[PDB]
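# Per-entry structural report
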Amino acid sequence: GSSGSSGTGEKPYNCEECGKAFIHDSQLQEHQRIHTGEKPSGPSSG
Ligand SMILES: [Zn+2]
């Protein structure tokens, strides 16, 4: 698993709750909201 060896795979933002990268803040924030609330039935893994 290269795990980011060479290429284009980086973002100034990232979710330390699920593992989703974001190019901008507004984007990430608009997502982190899903965690603050009551997570659905599925992503309840890690
Ligand atoms: Zn997340």
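Residues numbered from 1 in each chain as written, not as in the entry; some residues may be left out. Heavy atoms only, no water.

What the deposited record gives as its method is solution NMR.

## A short note on the coordination of the zinc ion
A metal bound by six donors in octahedral fashion has ideal angles of 90 or 180 degrees, whereas one bound by four tetrahedral donors has an ideal angle of 109.5 degrees. With distances of 2.1 to 2.4 Å, the protein atoms coordinating the zinc ion are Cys15 (SG), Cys18 (SG), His31 (NE2) and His35 (NE2). Classification of the site at the zinc ion rests on its four donor atoms, whose angles at the metal span 101 to 119 degrees, yielding the label tetrahedral. Mapped onto the sequence, the residues coordinating the zinc ion show the spacing C-x2-C-x12-H-x3-H. One end of the pair, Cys15, is in the loop between strand 1 (13-14) and strand 2 (21-22); the other, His31, is in helix 1 (residues 25-36), and 16 residues separate them in sequence. (Donors = N, O, S within 2.8 Å, 3.2 Å for Na, K, Ca; no water. Tetrahedral: all angles 85-135°; square planar, octahedral: opposite > 155°, others 65-115°. Helix = DSSP H or I, 4+ residues; strand = E, 2+ residues; numbered from the N terminus.)

## Brief notes about the side chain of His31
Under the relative-accessibility criterion, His31 is labelled buried at 9%. Those residues within four positions of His31 in sequence are excluded, and the remaining contacts are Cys15, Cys18, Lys20 and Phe22. (Buried < 20%, exposed > 50% of the residue type's maximum accessible area, 1.4 Å probe, protein only. Contact = heavy atoms within 4.5 Å.)

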